[PDB]
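Sequence plus experimental coordinates follow:
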Amino acid sequence: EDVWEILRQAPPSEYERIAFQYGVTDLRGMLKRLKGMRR
Amino acid sequence: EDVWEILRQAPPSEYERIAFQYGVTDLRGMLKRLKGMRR
Amino acid sequence: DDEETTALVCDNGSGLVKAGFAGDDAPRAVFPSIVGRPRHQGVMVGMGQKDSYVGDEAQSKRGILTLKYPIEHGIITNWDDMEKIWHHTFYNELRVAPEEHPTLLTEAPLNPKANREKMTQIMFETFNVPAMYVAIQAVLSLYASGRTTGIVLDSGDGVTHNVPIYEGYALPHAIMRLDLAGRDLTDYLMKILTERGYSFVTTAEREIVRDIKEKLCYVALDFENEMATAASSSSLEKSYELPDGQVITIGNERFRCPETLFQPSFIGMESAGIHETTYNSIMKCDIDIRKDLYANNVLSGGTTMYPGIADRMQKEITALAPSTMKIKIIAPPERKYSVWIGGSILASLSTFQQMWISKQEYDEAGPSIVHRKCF
Amino acid sequence: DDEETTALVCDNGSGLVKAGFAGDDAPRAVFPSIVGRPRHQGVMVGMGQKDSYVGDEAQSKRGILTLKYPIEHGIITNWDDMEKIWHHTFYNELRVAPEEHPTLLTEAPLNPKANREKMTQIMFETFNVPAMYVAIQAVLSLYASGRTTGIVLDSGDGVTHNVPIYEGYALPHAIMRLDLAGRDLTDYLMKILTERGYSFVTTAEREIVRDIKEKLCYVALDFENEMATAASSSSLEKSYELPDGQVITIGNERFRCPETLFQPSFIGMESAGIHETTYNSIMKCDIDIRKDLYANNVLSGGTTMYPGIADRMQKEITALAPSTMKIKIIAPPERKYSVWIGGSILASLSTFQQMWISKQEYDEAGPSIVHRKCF
Amino acid sequence: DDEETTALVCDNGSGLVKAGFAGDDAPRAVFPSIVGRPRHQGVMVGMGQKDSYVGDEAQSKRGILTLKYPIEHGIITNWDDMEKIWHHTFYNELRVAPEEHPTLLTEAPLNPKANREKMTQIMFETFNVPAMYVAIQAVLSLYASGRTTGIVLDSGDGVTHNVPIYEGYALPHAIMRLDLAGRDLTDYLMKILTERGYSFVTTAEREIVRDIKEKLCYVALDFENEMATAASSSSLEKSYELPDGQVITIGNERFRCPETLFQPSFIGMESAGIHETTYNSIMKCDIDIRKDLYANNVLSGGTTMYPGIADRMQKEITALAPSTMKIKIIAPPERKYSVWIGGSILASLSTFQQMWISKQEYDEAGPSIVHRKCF
């Protein structure tokens, strides 16, 4: 998927954007799981 | 005032003008009263 | 039953329709441009309720009936309603035979031609007036000014524009549009009243709120300083008996409602406020017309009835206009009916029948005629 | 007794209050927002009945106690009841020290500022949480969407609105209000059940009827054709055991209850149905945002759990929207808890403590601070 | 990472900025000269919206952001915006180190010297290009012609002028100015669309309308005959899907928009149309240069993309020019990018580095140098 890697690599401002383009519509998700790491 | 007399004497085209110079800013007036005569 | 005739100075004021005879001192008819649909339409012994005789009757006996403007946004979407409206006009408070008397009609700039086309032929046919004529409400108010030169901020019934002039000479390039209307401030203030812990959605609520404006709302010359006051300005908390009966409290909204006519950000229009629209129209003006414009800063509209509106003008221009030139905004107390007064004078211009839209000219030239070389 | 902290994602869902920790997969607490007054208050050996521990206990042991929402109409009229409600929350099913954990709070649009003012200081004082933060339930569900663009029909717990968006960009001018609520359909269906030869007035009857809805009531795509069916549609007469025990019969009401969310005539709201509210919000939208809106037609609400609701959307728009554009309504199965999920994610936004309503900021800036430049 | 260098042929096309390397077959970068301010600036989880990266991104994701040209009227009022614009250029679609490559710049006639002064030093400092050079877009298009002799109607991006020439020999006395621009036709056609029963005020509406032009608007060789047709010309009513989705109807405006470039009365310029400006420039020309001018009637501009524009040229001249002489208007399909092509060739003129604005020459001679004996 690389959404893990690229949404821990992309901008944050654009973490929003590119979770929404690079397949993580649940940027909601991406952050909650990024947090499951840092939650 | 003479606006009555000179706005029944002045040009008509310039009834507009000279009501607006010789004191009848209400050329609007001058005609409505000229009409109160001819209304 | 009298001599030749007297014109029918009839105004379709954006909010209310107003009219009188030629050279009358006041349009004898004025009332909202509403259409009424009784919501539940209860069945009772007999009847006595007409659908849409709204005129002035409906709002008093409002609620069941909803509200409708044929001319909703200064432009009319329905007419059957609307011609029956004029019938109410000419036979209930004009109570007159249209065929009897010539009538001048008010048409706003930017109208598609077909609008006046139809309004014409329908008035001819249904009303068979001797004949008619029409003119721009803005232009009619402008003759009501008699100020041949200068721009007019025609923020009156439900519309806003600028009318730069000189000796009666106005530039269509120099005239713009403002969708802002009493309806717009209505929506805004209703919004604010609701968000402050209130349920302001209902039609009669809409009329009530506009009245709340017209008798309460003002505008502050300064914005932030007066808003800081409102942080603790114990003057401005005048609460007004909600017409249902419970006093409705009021604070800074009593002013910060209409200023958005200068800042449409809160009302959400990219458009620029009235003042800078006037100013940029000024810039597009020629070199020295502008001093006159300053002196001919003729305001117009009862919607603009707010206190310090003119003063806010002079100050805002000052911030804009060079101090070298001197600014003089005009604003008659008789601004909303000034349009009808100018119409009465012009239609009364018995030296000016020649511009009149007659039976024949129309018939031979159909509807299109009134548009070519005439209006 | 652990590391730094995890947020307190707490929702005051209009009907039920729901909450969990930061980034929880489900709000661990959910129950009605009822207050219970035992009617006759019988005297017995000892006690064991608290007045208003309603939570989830009261309704089971309902009847004597009446029902009360502090937030009756999405807006709270009483709080003592309500803060004791949150105490029940944080110490009976949250059973946690509020001081321990940060909490994000749900506030609906159009609230008077003082509401969140107090909710804040009371939570600070009584709950002394590390600090708090609040957000619009609509907005939180909107982040729960992740759909940056498009409008959301936030007809969820007990409220209805439209939330036009683009890349997270929503217009307050483009967002409206709908007083319609599960309570409203409740009153309507209770009315109908009563008029059909039934005595449906009692509170527990109220809960029963809402349940009757949630497990039975649907909506038909077509209205008159499905009503003509009901004239003889032998399918729809499913009668359901009245929970007291006698099967309660059901017919076309199983659908024609909620459609009034499109037609408030029968419920008696001049307001227009959900669909055309969405549509006119669409028109007020810019030119081409609307295709996305069609594709971003994100529905929300478990109240909207009805079958064919989305399909009725697409068809009604179709009747409204140009066929040129393509309509795509969204509606997650997880719509009512989607708000809490978005809250959990956002509060969990450990990159986003900075927006947090802390002790000091509040104290030095009092209550007003949370409102200026923050929420 | 290669040999000596290749120039940076960069055009600040009045509407779009375009550029490529020395001797490129097409300016690889082209996009509007807009600045974007998100109107309401909604707060969401995180960010992702830059204020004014408009480039080509903004208009697609337009609406919230407004539009701004630094060079509004072919002359730039703001630059910070504008140098960040070139940064976007050189690092997003040029994505190149300006210090690496020489760049030739486009400057229009009648510019105050300080404009190119600053543009220079800022490009030196911020961009530290090896050095730069600048040239008149009109002149660059004129080398793009290769037609040493004759006048060019440089009605291209957003400006209009005449460029009489002979063997590359042009008279500044013989070159005039036309404020008319695609923006001007924009305002006019927006005006007309609005007055015909339409609300065309919004920015994205502005882009849409220009596109409506570029793909629809043409010009009729004859004016009154084609307007009489339009009275009933059932051909011209092609209605175009408003990009929001509802087909927008079109009639005679599809042509009578731009002709005002010949008649500025309706657009309200006392100035004379393009044709007679060319003609009077011709008269001021010497005796026999004029036959060549007839043959060298080189048109320029994609704004002039209209059908029959050249033919209308020949006919109007014919009405003006003596039949004794023979008129030949030129107009490449590659007229709007012809300016950039001429720039690419000239900057690519590796026999012509000597005219180059270098670090030292500038530094020792400051900004003024580039103006004396050079440009």
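It's in. Numbers count the residues shown, from 1 in each chain, chains lettered A, B, ... in the order given.

and the helix or strand that residue C:9 is a member of, which strands flank it?
Assigned by DSSP states H and E, residue C:9 falls within strand C:8-11. Partners of strand C:8-11 in the sheet, by DSSP bridges, are strand C:16-21 (antiparallel), strand C:103-106 (parallel).

Need the winner for burial among these.
Stretch with highest mean neighbour count among the strands paired with strand C:8-11: strand C:103-106 (a mean of 26; mean count of other Cβ atoms under 10 Å in any protein chain shown). (Each C-beta comes from the backbone N, C-alpha and C, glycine too.)

Skipping its backbone neighbours, what lies nearest whichever residue of chain A sits closest to chain B in space?
Closest residue of chain A to chain B, Cβ to the nearest Cβ: residue A:13 (61.8 Å). Excluding the flanking residues, the one nearest residue A:13 by Cβ to Cβ, 6 or more residues apart in numbering or on different chains is residue E:47, at 3.7 Å.

Look up how far residue A:11 lies from that neighbour.
According to Cβ to Cβ, to the nearest Å, residue E:47 stands 9 Å off from residue A:11.

What of residue C:194?
According to Cβ to Cβ, residue C:194 and residue A:11 sit 39 Å apart.

those helices in the chain, which residues are they?
No chain was given, so I picked chain A. A:3-7, A:13-21, A:27-38 (DSSP state H).

looking at chain C here, not the other one
According to DSSP H, the helices that chain C contains are C:54-60, C:80-88, C:113-122, C:137-145, C:182-195, C:203-216, C:224-232, C:253-256, C:274-284, C:289-295, C:309-320, C:338-347, C:359-365.

and of those, who's closest to chain B?
Among the helices of chain C, helix C:338-347 comes nearest to chain B, with 4.7 Å by Cβ to the nearest Cβ.

and residue C:316, what does it touch?
Shown in contact with residue C:316 (Cβ atoms under 8 Å, 6 or more residues apart in numbering or on different chains): C:262, C:275, C:276.

Who are the contact partners of the residue nearest to the first one when sequence neighbours are not counted?
Computed as Cβ to Cβ, 6+ apart, the closest residue to residue C:262 that is not its neighbour in sequence is residue C:273, at 3.1 Å. Contacts for residue C:273 (Cβ under 8 Å, 6+ apart) come out as C:260, C:261, C:262, C:263, C:264.

Against residue E:263, how distant is residue C:171?
To residue E:263, residue C:171 is 16 Å away according to Cβ to Cβ.

What of residue C:351?
Relative to residue E:263, and taking Cβ to Cβ, residue C:351 is found at 34 Å.

what's around residue C:375, how many residues?
Residues lying near residue C:375 (other Cβ atoms under 10 Å in any protein chain shown) number 16.

Ok, residue C:206 next?
19.

quick one, what contacts it?
Contacts of residue C:206 by Cβ under 8 Å, 6+ apart are C:67, C:186, C:190.

picking up where we left off before, residue C:194 and residue A:11: which is more packed in?
residue C:194 (16 against 13).

Up against chain E, what does chain A have?
Contact residues (Cβ under 8 Å from any Cβ of the partner chain) of chain A with chain E: A:11, A:12, A:13, A:14, A:15, A:16, A:17, A:27, A:31.

didn't residue C:92 look like it was pressed against residue C:57?
No. Assessed by Cβ atoms under 8 Å, residue C:92 is found out of contact with residue C:57, at 9.5 Å.

residue closest to the middle of chain C?
residue C:157 (1.7 Å; Cα atoms, centre = their mean).

How about it: what's its closest non-neighbour residue?
Of all residues not flanking residue C:157 in the chain, residue C:14 sits nearest, at 3.7 Å (Cβ to Cβ, 6+ apart).

Isn't that neighbour up against residue C:161?
No. Between residue C:14 and residue C:161 no contact is recorded; they are 11.8 Å apart, counting by Cβ under 8 Å.

any idea how far residue C:251 lies from chain A?
38 Å (Cβ to the nearest Cβ, to the nearest Å).

What are the buried residues along stretch C:287-307?
C:289-290, C:292-306 (16 or more other Cβ atoms under 10 Å in any protein chain shown).

who's in contact with the residue nearest to the centre of chain C?
Residue C:157 sits next to C:13, C:14, C:15, C:16, C:137, C:182, C:301, C:302, C:303, C:336, C:339 when contact means Cβ under 8 Å, 6+ apart.

burial count for the residue of chain A closest to chain B?
With other Cβ under 10 Å as criterion, residue A:13 counts 12.

Contacts only, for it.
Shown in contact with residue A:13 (Cβ under 8 Å, 6+ apart): E:46, E:47, E:48.

Would you mind listing what in chain A touches chain D?
Residues of chain A lying close to chain D (Cβ under 8 Å from any Cβ) are A:12, A:16, A:19-20, A:25-29, A:31-32, A:35-36, A:38-39.

Also the stretch 251-375 of chain C?
Near chain D, when you scan the stretch 251-375 of chain C using Cβ under 8 Å from any Cβ, you find C:267, C:268.

The stretch 251-375 of chain C against chain E: which residues are in contact?
C:265, C:268, C:270, C:271.

PyMOL command to pick out the buried ones of these?
Filtering these down to the buried ones (16+ other Cβ under 10 Å) takes a single PyMOL command:
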select buried, chain C and resi 268+271
